[PDB]
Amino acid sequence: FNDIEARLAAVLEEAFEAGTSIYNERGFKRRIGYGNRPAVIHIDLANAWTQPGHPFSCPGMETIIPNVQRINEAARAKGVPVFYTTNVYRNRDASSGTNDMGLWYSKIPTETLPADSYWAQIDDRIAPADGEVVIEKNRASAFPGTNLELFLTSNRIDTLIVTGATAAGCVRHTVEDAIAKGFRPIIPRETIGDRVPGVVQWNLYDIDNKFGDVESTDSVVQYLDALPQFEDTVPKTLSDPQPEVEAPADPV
């Protein structure tokens, strides 16, 4: 419900159809596929995003969190690694040489996200279980400045299930980084949120076209339900075979 959103949703679907035909003819929008040794990462489902009243609050939590709980419940039944990020700063004074906001402060209100405040805590409804990692990050993607890639590479993870907020911010930069670094991104659609119109729709479409597969939470839970116990999983060593299109030859 909203004045614009019904029309925006309807016309964005038409634009999406059009684009999918061009993409499909050219051989884009291929399926990356689920791998065998997954990790789950919840991007910034901390109070500043899940609770109302912060500059970073996202609506839709009433639908995101139950779906996040279904995934957590499936994953921790197999001992799958679960990571959470909270985007917070220890030194919010942009004139100091030890400030950790860098240039993102020149774009978004980083000074409103103090480390170890209520706003920095992962939301109670999905509190971290024992052995799950909470990573405090300083930039949008969960990779820069954190140790997420040291866990994922050292422990041979091949699939990264990404959930969280926002589609137009931290989720997309994380997914883009993951496929480039070497991890298969699966995005469970109902767990992604944002705070302005259209951005969830068009960012998930862009992600599904070139960076990760956007799936239903039901698909993701069913996949985790069919997993062996994590300690017995082995990664897929190369990409899944694709219907290859042929490289055009030099015109001269």
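Residue indices: 1-based, along the sequence shown.
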**Message:** Which is higher on mean Cα B factor in this entry, 94-102 or 112-120?
**Reply:** 112-120
**Fill in**
For 151-159 versus 76-84, entry-based mean Cα B-factors point to 76-84
**Asked** If you compare 29, 42, 37, 26, which has the highest Cα B-factor in the entry?
**Response** 26
**Complete:** One of 48, 61, 200, 214 has the largest Cα B-factor in the entry, namely 61
**Asked** Which third of the chain holds residue 168 when residues are ordered by C-alpha B factor: lowest, middle or highest?
**Response** lowest
**B-factor third for the C-alpha atom of residue 65 within its chain** = highest
**Message:** For the chain shown, is the CA B-factor of residue 209 in the lowest, middle or highest third of its modelled residues?
**Reply:** lowest
**Prompt:** Among the chain's modelled residues, which third holds the C-alpha B-factor of residue 133?
**Reply:** middle
**Message:** Quick check for you: using the entry's CA B-factors within this chain, is residue 187 in the lowest, middle or highest third?
**Reply:** middle
